[PDB]
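Below is one structure, written out as structure tokens; the observations come after it.
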Amino acid sequence: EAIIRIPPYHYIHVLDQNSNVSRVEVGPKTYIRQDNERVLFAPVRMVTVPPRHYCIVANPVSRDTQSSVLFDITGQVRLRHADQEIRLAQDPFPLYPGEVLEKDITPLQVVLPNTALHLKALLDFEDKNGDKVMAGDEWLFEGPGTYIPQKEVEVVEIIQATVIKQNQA
Amino acid sequence: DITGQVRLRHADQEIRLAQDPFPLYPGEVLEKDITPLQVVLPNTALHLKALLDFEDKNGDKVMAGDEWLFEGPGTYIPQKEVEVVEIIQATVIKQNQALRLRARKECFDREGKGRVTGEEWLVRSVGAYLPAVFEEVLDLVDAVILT
Amino acid sequence: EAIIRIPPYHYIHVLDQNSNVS
Amino acid sequence: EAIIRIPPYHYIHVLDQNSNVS
Numbered sequence: 005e006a007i008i009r010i011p012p013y014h015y016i017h018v019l020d021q022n023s024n025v026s027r028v029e030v031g032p033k034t035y036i037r038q039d040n041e042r043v044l045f046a047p048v049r050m051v052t053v054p055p056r057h058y059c060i061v062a063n064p065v066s067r068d069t070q071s072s073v074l075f076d077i078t079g080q081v082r083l084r085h086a087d088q089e090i091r092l093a094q095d096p097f098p099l100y101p102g103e104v105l106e107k108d109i110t111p112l113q114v115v116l117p118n119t120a121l122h123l124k125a126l127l128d129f130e131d132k133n134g135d136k137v138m139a140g141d142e143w144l145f146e147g148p149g150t151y152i153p154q155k156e157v158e159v160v161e162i163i164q165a166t167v168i169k170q171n172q173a
Numbered sequence: 076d077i078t079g080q081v082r083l084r085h086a087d088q089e090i091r092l093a094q095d096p097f098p099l100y101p102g103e104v105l106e107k108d109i110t111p112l113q114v115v116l117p118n119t120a121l122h123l124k125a126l127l128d129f130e131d132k133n134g135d136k137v138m139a140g141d142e143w144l145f146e147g148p149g150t151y152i153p154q155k156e157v158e159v160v161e162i163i164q165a166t167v168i169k170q171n172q173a174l175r176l177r178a179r180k181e182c183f184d185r186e187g188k189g190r191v192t193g194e195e196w197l198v199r200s201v202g203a204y205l206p207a208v209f210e211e212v213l214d215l216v217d218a219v220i221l222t
Numbered sequence: 005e006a007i008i009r010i011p012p013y014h015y016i017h018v019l020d021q022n023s024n025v026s
Numbered sequence: 005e006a007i008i009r010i011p012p013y014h015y016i017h018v019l020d021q022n023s024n025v026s
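Chains as they are written, first to last, in the entry's author numbering: chain A, 5 to 173; chain B, 76 to 222; chain C, 5 to 26; chain D, 5 to 26.
Right under this line is the structure:
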């Protein structure tokens, strides 16, 4: 029906047929749909990201230096396509049309002092320390911590440190 | 919130103690209610892993790998960040005995010896004793009689 | 019904449809 | 119905029940 009551933490991907493009509608508004527009679905809950948790979404919306969402000239949200998007803890956010939520709701990669993460690169990428990373390179994240995933980094495995009792090799 | 809905901190939670009764608000989720505060005996302690890095009451930084050990007669105050791994009774040690232990991680023991992983050592001290969060209880070791 | 008698230590999450908010 | 298309030279006396006024 024409009347569309959106709950405050909910959103809909309205599809305007005149401009032939989709766009988000979000917030505690009773924003009724225009007849030219079509509402594909009931107000989906805005994605929630718990503290010390992460999620990844394929075909992320493009962002500027302000990291504000950048709509394409068509009125559709612009997308980075093959690129993905990691996320951590923040206020809940609407999903946008053309996005693909590959991943959600998981505690951040915790790791014990006597074990480490084995991490092949998927493709060459910049490191936090400014180091270049070859695809053949294998990261080894040791120590008590919570590693931050990259879309480029792939998690090969985990290796426990080997205890060595006296008079052994 | 400007919409007129109550604003929410989302992934964040909220601990509460004793106070006058309060309304619930829309969008809230009551994960927990009605439970006596975490009491603890003098000869036992709380083992507490961090869920994620957080500020301590004393201003200390807390790593996720850090393990809190709350000993003594008391009533510990929970944090939304703190996770309750378990509880460990202090090990009593009768005279002429020693408490065998093992190092699950590199660190320093109360003896002050450097402790490589898998290392074992005696606890000479008589009477009740609380193992460290890295320390692992094995067994009391009686002294052999020597006539 | 339109009449809502709230007991002194009680509450309700009213949902206003006009502002579309609780 | 909820949808009300007003022609450019036309008008309606809407009656709001909340404020009890037209």
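Idealized CB from N, CA, C, for every residue including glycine.
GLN94/A, DSSP secondary structure in three states = The residue given as residue 94/A occupies position 90 in the first sequence. The answer is strand: DSSP assigns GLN94/A an E or B state.
Proximity to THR119/B [Cα-Cα], best of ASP214/B, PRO148/B, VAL159/B and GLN88/B = By 1-based counting over the second sequence, the position of residue 119/B is 44. Here the closest residue by C-alpha is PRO148/B.
Continuous beta strand (DSSP E) stretch holding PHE209/B: start and end = Locating residue 209/B in the second sequence gives position 134, counting from the first residue. From DSSP, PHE209/B is part of no beta strand (DSSP E); its letter is neither H nor E.
Going along the chain, which residues of its own chain have a beta-carbon closer than 6 Å to the beta-carbon of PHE145/B, five neighbours each way excluded?
-> Counting from one through the second sequence, the residue named residue 145/B turns up at place 70. So the list reads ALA120, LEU121 and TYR151, once near-sequence residues are dropped.
Report buried or exposed for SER26/A, applying the criterion of at least 16 other Cβ atoms within 10 angstroms of its Cβ.
-> Residue mapping note: residue 26/A aligns to position 22 of the first sequence, counting from 1. By the neighbour-count rule (16 or more Cβ atoms within 10 Å), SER26/A is buried.
Counting only beta-carbon atoms, is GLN94/B nearer than 7 Å to chain C?
-> Position 19 of the second sequence, counting from 1, holds the residue named residue 94/B. No - not a single Cβ of chain C is within 7 Å of the one on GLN94/B.
Extent of the continuous beta strand (DSSP E) run through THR119/B = The residue labelled residue 119/B in the question sits at position 44 within the second sequence. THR119/B -> beta strand (DSSP E) spans 119-124.
Going straight from the alpha carbon of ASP128/B to that of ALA86/B, what length do you get?
-> Position 53 of the second sequence holds residue 128/B. Position 11 of the second sequence holds residue 86/B. Taking the straight line from one Cα to the other gives about 15 Å.
Spatially closest choice to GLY193/B from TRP143/A, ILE162/A and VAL167/A, by CA coordinates = Position 118 of the second sequence holds residue 193/B. Answer by Cα proximity: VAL167/A.
Taking DSSP as the reference, what is the three-state secondary structure of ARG49/A?
-> The residue labelled residue 49/A in the question sits at position 45 within the first sequence. Looking at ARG49/A - three-state DSSP - the assignment turns out to be strand.
At which residues does the beta strand (DSSP E) containing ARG42/A begin and terminate?
-> Along the first sequence, read from residue 1 onward, the residue named residue 42/A stands at position 38. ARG42/A -> beta strand (DSSP E) spans 41-43.
Residues from the segment 13-33 of chain A in contact with chain C, defined by Cβ distance under 9 Å | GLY31, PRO32 and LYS33
Beta bridge counterpart(s) of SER23/C as assigned by DSSP = Working through the third sequence from its first residue, we reach residue 23/C at position 19. The partner list for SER23/C (beta bridge, DSSP) is empty, contrary to what the question assumes.
Expressed to the nearest angstrom, what Euclidean distance is found between the alpha-carbon atoms of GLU181/B and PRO153/B?
-> Along the second sequence, one-based indexing puts residue 181/B at 106. Along the second sequence, one-based indexing puts residue 153/B at 78. Their Cα atoms are separated by approximately 28 Å.
Ends of the beta strand (DSSP E) at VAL115/A?
-> Counting from 1 along the first sequence, the entry for residue 115/A is found at position 111. Residues 113-115.
Give the secondary structure of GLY79/B by DSSP, where H, G and I count as helix, E and B as strand, and everything else as coil.
-> The residue you call residue 79/B lines up with position 4 of the second sequence. Three-state DSSP puts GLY79/B in coil, outside helix and strand.
Looking at the structure shown, is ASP214/B part of a helix, part of a strand, or coil, going by DSSP?
-> Counting from 1 along the second sequence, the entry for residue 214/B is found at position 139. In the structure shown, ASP214/B sits in a strand (DSSP, three-state: E or B).
When the Cα of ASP141/B is compared with those of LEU205/B, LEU126/B, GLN164/B and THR222/B, which residue comes out closest?
-> To locate residue 141/B, count along the second sequence from 1; it is residue 66. Of the candidates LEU205/B, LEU126/B, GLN164/B and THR222/B, the one whose C-alpha sits nearest the C-alpha of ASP141/B is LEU126/B.
Cβ pair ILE90/A, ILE109/A closer than 7 Å = Within the first sequence, residue 90/A is the residue found at index 86, counting from 1. Within the first sequence, residue 109/A is the residue found at index 105, counting from 1. Going by C-beta atoms, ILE90/A is not nearer than 7 Å to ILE109/A.
C-beta neighbour in chain C for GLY187/B, strict 7 Å | Residue numbering aside, residue 187/B sits at position 112 when the second sequence is read from its first letter. No, its Cβ sits nowhere closer than 7 Å to a Cβ of chain C.
Is there at least one Cβ from chain B nearer than 7 Å to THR150/A's Cβ?
-> Numbered from 1 along the first sequence, position 146 holds the residue referred to as residue 150/A. By this cut-off, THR150/A is an interface position.
Is DSSP giving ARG177/B helix, strand or coil here?
-> Here residue 177/B refers to the residue found at position 102 of the second sequence. Three-state DSSP puts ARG177/B in a strand.
Counted within 10 angstroms of its Cβ, other Cβ atoms place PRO12/A as buried (16 or more) or exposed | For this step, residue 12/A is matched to residue 8 along the first sequence. Counting Cβ neighbours within 10 Å, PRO12/A comes out buried, since at least 16 surround it.
Under 9 Å Cβ-Cβ, which residues of chain A neighbour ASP131/B?
-> Start at 1 with the first residue of the second sequence, and residue 131/B comes out as number 56. Those within 9 Å of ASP131/B in chain A number zero; the least Cβ separation is about 16 Å.
In angstroms with no decimal places, state the Cα-to-Cα distance between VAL191/B and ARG199/B.
-> Here residue 191/B is taken as the residue at index 116 of the second sequence, counted from 1. Here residue 199/B is taken as the residue at index 124 of the second sequence, counted from 1. Distance between the alpha carbons of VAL191/B and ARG199/B: 20 Å.
Please check if any C-beta of chain D sits within less than 7 Å of the C-beta of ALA6/A.
-> To locate residue 6/A, count along the first sequence from 1; it is residue 2. So yes, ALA6/A belongs to the interface.
Would you mind stating whether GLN88/B and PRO32/A have Cβ atoms separated by less than 7 Å?
-> In the second sequence, the residue the question calls residue 88/B occupies position 13. In the first sequence, the residue the question calls residue 32/A occupies position 28. It is not a contact, given that the beta carbons lie outside the stated cut-off.
Smallest Cα separation from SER23/C: which of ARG82/B, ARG84/B and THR78/B?
-> Taking the first residue of the third sequence as position 1, residue 23/C is located at position 19. Cα-wise, what sits closest to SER23/C is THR78/B.
Starting from the beta carbon of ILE36/A, find every residue of chain D whose beta carbon is closer than 9 Å, and list them in chain order.
-> Numbered from its first residue, the first sequence carries residue 36/A at position 32. Within chain D, the residues near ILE36/A are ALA6 and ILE7.
Have a look at the DSSP bridge pairing and note the partners of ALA86/A.
-> Taking the first sequence and counting its residues from 1, one reaches residue 86/A at position 82. Note: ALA86/A sits in no beta bridge, so no partner.
Output the distance between the C-alpha atoms of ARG82/B and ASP76/B, rounded to the nearest integer angstrom.
-> Taking the second sequence and counting its residues from 1, the one referred to as residue 82/B is at position 7. Taking the second sequence and counting its residues from 1, the one referred to as residue 76/B is at position 1. Cα to Cα, the separation comes out at about 5 Å.
Under 7 Å Cβ to Cβ from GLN164/B, same chain only, skipping five residues before and after it: list those, please.
-> The residue you call residue 164/B lines up with position 89 of the second sequence. Same-chain partners within the cutoff: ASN118 and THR119.
How about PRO47/A and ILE16/A: are their beta carbons less than 7 Å apart?
-> Residue numbering aside, residue 47/A sits at position 43 when the first sequence is read from its first letter. Residue numbering aside, residue 16/A sits at position 12 when the first sequence is read from its first letter. Taking 7 Å as the Cβ cut-off, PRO47/A and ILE16/A qualify as a contacting pair.
Ordered along the chain, which non-local residues of its own chain (more than five positions away) have a Cβ less than 8 Å from that of residue 34/B?
-> Not covered by the structure: residue 34/B. The range shown for chain B is 76 to 222.
Exposure of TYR58/A, with buried meaning 16 or more beta-carbon neighbours within 10 Å | As a first step, residue 58/A must be located in the first sequence, where it is residue number 54. With 16 or more other Cβ atoms within 10 Å, it is buried.
Using only alpha-carbon positions, find the residue among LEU197/B, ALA139/B and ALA173/B that is nearest to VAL160/B.
-> Residue numbering aside, residue 160/B sits at position 85 when the second sequence is read from its first letter. The shortest C-alpha separation from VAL160/B is found at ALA139/B.
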